[PDB]
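Chemist:
Laid out in C-alpha coordinates, this is it:
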(Lines of atoms letter the chains of each structure in order from A and count residues from 1; the text may use other names and numbers.)
(Lines give C-alpha, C1' and ligand atoms only; values in the text may rest on other atoms or scores of the structure.)
Protein backbone atom coordinates (compact mmCIF):
# COMPACT_ATOMS: atom_id res chain seq x y z
CA UNK A 1 0.00 0.00 0.00
CA UNK A 2 1.26 3.51 -0.70
CA UNK A 3 1.26 6.33 1.86
CA UNK A 4 2.08 9.70 0.48
CA UNK A 5 3.34 11.78 3.36
CA UNK A 6 3.13 15.50 2.71
CA UNK A 7 4.53 18.30 4.87
CA UNK A 8 2.29 21.39 4.48
CA UNK A 9 3.78 22.99 7.64
CA UNK A 10 5.91 26.14 7.30
CA UNK A 11 8.69 24.31 9.20
CA UNK A 12 10.74 21.19 8.37
CA UNK A 13 9.60 17.88 9.86
CA UNK A 14 11.26 14.49 9.81
CA UNK A 15 8.58 11.96 9.00
CA UNK A 16 8.71 8.58 10.71
CA UNK A 17 7.01 5.27 9.95
CA UNK A 18 7.28 2.13 12.12
CA UNK A 19 5.30 -0.85 13.36
CA UNK A 20 7.17 -0.81 16.67
CA UNK A 21 9.66 -3.62 16.07
CA UNK A 22 10.72 -2.64 12.49
CA UNK A 23 10.84 0.35 10.12
CA UNK A 24 8.11 0.69 7.59
CA UNK A 25 9.92 1.43 4.25
CA UNK A 26 13.05 3.47 5.04
CA UNK A 27 11.51 4.36 8.47
CA UNK A 28 12.18 8.10 8.26
CA UNK A 29 13.17 11.05 6.03
CA UNK A 30 13.41 14.86 6.24
CA UNK A 31 10.50 16.75 4.63
CA UNK A 32 11.09 20.47 4.11
CA UNK A 33 7.99 22.67 3.87
CA UNK A 34 5.87 21.45 0.94
CA UNK A 35 7.83 18.21 0.24
CA UNK A 36 6.02 14.87 -0.35
CA UNK A 37 7.63 11.46 0.38
CA UNK A 38 5.82 8.31 -0.80
CA UNK A 39 6.41 5.11 1.10
CA UNK A 40 5.38 1.53 0.55
CA UNK A 41 3.97 -0.39 3.50
CA UNK A 42 3.62 -4.20 3.24
CA UNK A 43 0.05 -5.60 3.07
CA UNK A 44 -0.96 -7.17 6.39
CA UNK A 45 0.94 -4.54 8.43
CA UNK A 46 -0.68 -4.57 11.88
CA UNK A 47 -0.25 -1.63 14.34
CA UNK A 48 1.69 0.64 11.97
CA UNK A 49 2.14 4.34 12.82
CA UNK A 50 3.35 7.46 11.01
CA UNK A 51 4.26 10.67 12.83
CA UNK A 52 6.27 13.85 12.45
CA UNK A 53 9.35 14.73 14.38
CA UNK A 54 10.39 18.38 14.99
CA UNK A 55 13.81 20.11 15.55
CA UNK A 56 16.03 17.24 14.68
CA UNK A 57 19.83 17.13 14.13
CA UNK A 58 21.36 14.11 12.44
CA UNK A 59 24.99 13.49 11.58
CA UNK A 60 26.22 11.95 8.29
CA UNK A 61 25.46 8.39 9.63
CA UNK A 62 21.78 9.25 10.41
CA UNK A 63 22.30 9.47 14.23
CA UNK A 64 21.28 12.37 16.44
CA UNK A 65 18.18 13.69 18.25
CA UNK A 66 14.67 15.26 17.77
CA UNK A 67 12.78 17.55 20.27
CA UNK A 68 9.59 15.58 19.59
CA UNK A 69 9.05 12.03 18.38
CA UNK A 70 12.68 10.95 18.62
CA UNK A 71 12.99 7.21 17.84
CA UNK A 72 16.23 6.19 19.62
CA UNK A 73 18.24 8.99 17.93
CA UNK A 74 17.86 7.50 14.44
CA UNK A 75 16.93 9.28 11.16
CA UNK A 76 15.48 6.02 9.92
CA UNK A 77 13.02 4.91 12.63
CA UNK A 78 12.90 1.23 13.65
CA UNK A 79 10.79 1.80 16.82
CA UNK A 80 8.04 4.22 18.00
CA UNK A 81 8.95 7.81 18.85
CA UNK A 82 9.15 9.66 22.11
CA UNK A 83 5.97 11.65 23.10
CA UNK A 84 4.47 14.09 22.43
CA UNK A 85 3.61 12.67 18.95
CA UNK A 86 0.31 13.08 17.05
CA UNK A 87 -0.08 9.52 15.59
CA UNK A 88 -1.52 8.25 12.32
CA UNK A 89 -2.28 4.58 13.17
CA UNK A 90 -3.31 1.80 10.80
CA UNK A 91 -3.75 -1.95 10.46
CA UNK A 92 -4.02 -3.15 6.89
CA UNK A 93 -5.70 -6.31 5.36
CA UNK A 94 -7.26 -7.37 8.68
CA UNK A 95 -9.81 -9.93 7.44
CA UNK A 96 -10.52 -8.10 4.23
CA UNK A 97 -10.43 -4.51 5.60
CA UNK A 98 -8.05 -1.67 6.56
CA UNK A 99 -8.50 0.30 9.80
CA UNK A 100 -7.22 3.86 10.36
CA UNK A 101 -7.32 6.50 13.10
CA UNK A 102 -5.48 9.42 14.59
CA UNK A 103 -4.55 9.22 18.26
CA UNK A 104 -3.56 11.85 20.86
CA UNK A 105 -2.90 9.09 23.53
CA UNK A 106 0.82 9.82 23.17
CA UNK A 107 0.23 13.60 23.07
CA UNK A 108 0.30 16.05 20.17
CA UNK A 109 3.15 17.74 18.33
CA UNK A 110 2.01 18.55 14.78
CA UNK A 111 -1.49 18.76 13.28
CA UNK A 112 -2.36 16.02 10.85
CA UNK A 113 -4.91 14.83 8.30
CA UNK A 114 -4.90 11.05 7.54
CA UNK A 115 -7.08 10.29 4.45
CA UNK A 116 -7.48 7.45 1.85
CA UNK A 117 -6.45 8.38 -1.68
CA UNK A 118 -8.65 5.55 -2.98
CA UNK A 119 -12.41 5.05 -2.75
CA UNK A 120 -14.77 3.83 -0.14
CA UNK A 121 -14.17 5.63 3.21
CA UNK A 122 -13.57 9.03 4.80
CA UNK A 123 -10.37 10.57 6.25
CA UNK A 124 -9.80 11.67 9.87
CA UNK A 125 -8.15 14.92 10.99
CA UNK A 126 -6.73 16.49 14.14
CA UNK A 127 -5.70 19.97 13.00
CA UNK A 128 -6.70 22.25 15.88
CA UNK A 129 -3.99 24.35 17.66
CA UNK A 130 -3.49 21.87 20.53
CA UNK A 131 0.06 23.07 21.28
CA UNK A 132 -0.97 26.73 21.67
CA UNK A 133 -4.03 25.84 23.81
CA UNK A 134 -2.29 23.01 25.81
CA UNK A 135 -3.05 22.97 29.61
CA UNK A 136 -0.03 24.39 31.55
CA UNK A 137 0.73 21.04 33.26
CA UNK A 138 0.82 19.16 29.90
CA UNK A 139 3.13 21.59 28.00
CA UNK A 140 6.33 19.84 26.94
CA UNK A 141 9.34 22.14 27.60
CA UNK A 142 10.90 20.45 24.59
CA UNK A 143 7.93 21.47 22.30
CA UNK A 144 4.40 19.95 21.98
CA UNK A 145 1.54 18.89 24.30
CA UNK A 146 2.12 15.70 26.38
CA UNK A 147 -0.65 13.22 27.23
CA UNK A 148 -1.45 12.87 30.99
CA UNK A 149 -0.03 9.31 31.11
CA UNK A 150 3.40 10.53 30.02
CA UNK A 151 3.32 13.39 32.52
CA UNK A 152 1.83 11.72 35.61
CA UNK A 153 2.28 7.91 35.25
CA UNK A 154 -0.99 6.92 37.02
CA UNK A 155 -3.15 3.77 36.37
CA UNK A 156 -6.04 6.12 35.61
CA UNK A 157 -4.25 8.12 32.80
CA UNK A 158 -2.31 5.11 31.48
CA UNK A 159 -5.37 2.77 31.69
CA UNK A 160 -3.05 0.18 33.12
CA UNK A 161 -5.81 -1.98 34.67
CA UNK A 162 -8.03 -1.73 31.58
CA UNK A 163 -10.66 0.16 33.59
CA UNK A 164 -10.07 3.96 33.19
CA UNK A 165 -12.56 6.81 32.38
CA UNK A 166 -12.10 10.19 30.64
CA UNK A 167 -10.30 12.82 32.63
CA UNK A 168 -9.97 16.56 32.60
CA UNK A 169 -6.83 16.14 30.51
CA UNK A 170 -8.33 13.63 28.01
CA UNK A 171 -11.37 15.93 27.56
CA UNK A 172 -9.01 18.73 26.55
CA UNK A 173 -7.60 16.70 23.53
CA UNK A 174 -11.16 15.44 22.81
CA UNK A 175 -12.62 18.98 22.81
CA UNK A 176 -9.97 20.28 20.44
CA UNK A 177 -10.01 17.12 18.26
CA UNK A 178 -13.19 15.05 18.56
CA UNK A 179 -12.10 12.76 15.74
CA UNK A 180 -8.94 11.43 17.47
CA UNK A 181 -8.54 9.09 20.39
CA UNK A 182 -8.02 11.10 23.61
CA UNK A 183 -7.40 8.19 26.04
CA UNK A 184 -7.02 4.39 25.74
CA UNK A 185 -10.75 3.61 26.25
CA UNK A 186 -12.13 6.50 24.31
CA UNK A 187 -15.23 5.68 22.18
CA UNK A 188 -13.40 4.54 18.97
CA UNK A 189 -12.99 7.01 16.10
CA UNK A 190 -11.48 4.29 13.90
CA UNK A 191 -12.51 4.33 10.18
CA UNK A 192 -12.99 1.03 8.24
CA UNK A 193 -11.55 1.31 4.70
CA UNK A 194 -11.51 -1.30 1.83
CA UNK A 195 -8.60 -3.82 2.28
CA UNK A 196 -5.54 -2.55 0.31
CA UNK A 197 -6.54 1.16 0.26
CA UNK A 198 -3.79 3.78 -0.25
CA UNK A 199 -3.47 6.91 1.88
CA UNK A 200 -2.03 10.32 2.32
CA UNK A 201 -0.78 11.76 5.64
CA UNK A 202 -0.65 15.55 5.51
CA UNK A 203 1.08 17.55 8.28
CA UNK A 204 -0.46 20.98 8.98
CA UNK A 205 -3.35 20.33 6.59
CA UNK A 206 -5.03 23.71 7.32
CA UNK A 207 -1.94 26.01 7.79
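Residue numbers (the deposited numbering): 1 to 207.
From the three backbone atoms N, C-alpha and C, an ideal C-beta is built for every residue, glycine too.
1. Applying the criterion that 16 or more other CB atoms from any shown protein chain within 10 Å of the CB defines a buried residue, is residue 89 buried or exposed?
2. So what does DSSP say about residue 172, is it helix, strand or coil?
3. Specify, as a first and last residue, the run of the beta strand (DSSP E) that residue 202 falls within.
4. For residue 138 and residue 181, I'd like the C-alpha separation in whole angstroms.
5. Determine the contact status of residue 14 and residue 28, defining contact as a CB-CB distance below 7 angstroms.
6. Which residue from 114, 33, 87, 121 puts its Cα closest to that of residue 11?
7. In its own chain, which residues sit with a C-beta less than 6 angstroms from the C-beta of residue 198, not counting the 5 before and 5 after it?
8. Among 184, 204, 91, which one has its Cα closest to the Cα of residue 194?
9. May I have a chain-ordered list of the beta strand (DSSP E) segments no shorter than 3 residues that lie completely inside the stretch 58-96?
10. Does the separation of the CB atoms of residue 53 and residue 202 fall below 7 angstroms?
11. In whole angstroms, what separates the C-alpha of residue 151 from that of residue 157?
12. Are the stretch 120-139 and the stretch 67-78 touching by the rule of at least three beta carbon pairs closer than 8 angstroms?
13. Note down the Cα distance separating residue 167 from residue 145, rounded to an integer number of angstroms.
14. Should residue 155 be labelled buried (16 or more other beta-carbon atoms within 10 Å of its own) or exposed?
15. Residue 22 and residue 77 - do their beta-carbons sit closer together than 7 angstroms?
16. Taking the beta strand (DSSP E) that residue 15 falls in, what are its first and last residues?
17. Could you give the first and the last residue of the continuous beta strand (DSSP E) run that contains residue 133?
18. Mind checking who residue 191 pairs with in its DSSP beta bridge?
Modeler: To lay it out plainly:
1. In the chain shown, residue 89 corresponds to position 89, counting from 1. It counts as buried.
2. Residue 172 sits at position 172 when you count from the first residue of the chain shown. In the structure shown, residue 172 sits in a helix (DSSP, three-state: H, G or I).
3. Working through the chain shown from its first residue, we reach residue 202 at position 202. Residues 199-203.
4. The residue given as residue 138 occupies position 138 in the chain shown. The residue given as residue 181 occupies position 181 in the chain shown. Roughly 17 angstroms separates the two Cα atoms.
5. Here residue 14 refers to the residue found at position 14 of the chain shown. Here residue 28 refers to the residue found at position 28 of the chain shown. Contact: yes.
6. Within the chain shown, the letter at position 11 stands for residue 11. The shortest C-alpha separation from residue 11 is found at 33.
7. Locating residue 198 in the chain shown gives position 198, counting from the first residue. 1, 2, 117, 118.
8. Numbered from 1 along the chain shown, position 194 holds the residue referred to as residue 194. The shortest C-alpha separation from residue 194 is found at 91.
9. 64-68, 87-94
10. The residue you call residue 53 lines up with position 53 of the chain shown. The residue you call residue 202 lines up with position 202 of the chain shown. No, they are not a contact pair.
11. For the purposes of this step, residue 151 is identified with residue 151 of the chain shown, where counting begins at 1. For the purposes of this step, residue 157 is identified with residue 157 of the chain shown, where counting begins at 1. Looking at the two C-alpha atoms, the distance is approximately 9 angstroms.
12. no
13. Numbered from its first residue, the chain shown carries residue 167 at position 167. Numbered from its first residue, the chain shown carries residue 145 at position 145. Each residue's Cα considered, the two are about 16 angstroms apart.
14. Position 155 of the chain shown, counting from 1, holds the residue named residue 155. Residue 155 is exposed by the Cβ-count criterion.
15. Here residue 77 refers to the residue found at position 77 of the chain shown. Here residue 22 refers to the residue found at position 22 of the chain shown. In this structure, residue 22 does not lie closer than 7 angstroms to residue 77 by Cβ.
16. The sequence position of residue 15 within the chain shown is 15, counting from 1. First-last of the beta strand (DSSP E) with residue 15: 13-18.
17. Within the chain shown, numbered from 1, the residue matching residue 133 stands at position 133. Counting along the chain, residue 133 falls outside any beta strand (DSSP E), though it belongs to the alpha helix (DSSP H) covering 130-133.
18. Here residue 191 is taken as the residue at index 191 of the chain shown, counted from 1. The partner list for residue 191 (beta bridge, DSSP) reads 100.
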